[PDB]
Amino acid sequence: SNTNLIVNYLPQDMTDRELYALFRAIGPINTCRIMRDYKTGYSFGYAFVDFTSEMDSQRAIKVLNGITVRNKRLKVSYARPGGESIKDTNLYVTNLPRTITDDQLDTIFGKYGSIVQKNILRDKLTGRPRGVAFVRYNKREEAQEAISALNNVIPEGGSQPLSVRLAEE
């Protein structure tokens, strides 16, 4: 709906110049800012890019989302309305069944809220899950509801006690 984008999984060494250029191909840009540590300046690995027109905003997603830049696949998504309601929405989920898949998380966590990002950690040398994941909901209460609803329970398939905390840091 709006003209503001969030860009995720930027390589560390990406800079405002470089990001701007890449996205300026889609259309004219009001603002473009890579988030970093004020005192050291290291990149938080994400950025906001606000296009002039809703056209270009939308097109950028269509085109740029998923493109590879120095072994990182960018994620160009719509920036949601930020504030206090977005805080504390990242859950460190553990003790899942080893056989867990992606659709299985949509089932387990879908009804408690709309999910932003999720990752099933795998031991890449095996390629098969460690039985650990991340799930980031949109709004705070979606996360909080899912915590109480799922912490210490057995999944709808496996037979082990889930652990659903807020993610540290």
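Numbers for residues come from their place in the sequence shown, where the first is 1.
Mean C-alpha B-factor is higher over 124-132 than over the other stretch, the pair under comparison being 45-53 and 124-132.
Looking at 145-153 and 8-16 together, the entry lists the larger mean B-factor for 145-153, computed on C-alpha atoms. Across the residues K111, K39, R70, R33, the deposited record lists the maximum Cα B factor for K111. Compared with the other modelled residues of the chain, the Cα B-factor recorded for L105 ranks in the middle third. Per the PDB record, residue ranking by Cα B-factor puts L64 in the lowest third of the chain. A79: CA B factor in the middle third of modelled residues in this chain (values from the PDB entry).
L96 sits in the middle third of its chain by CA B factor, as recorded in the PDB entry.
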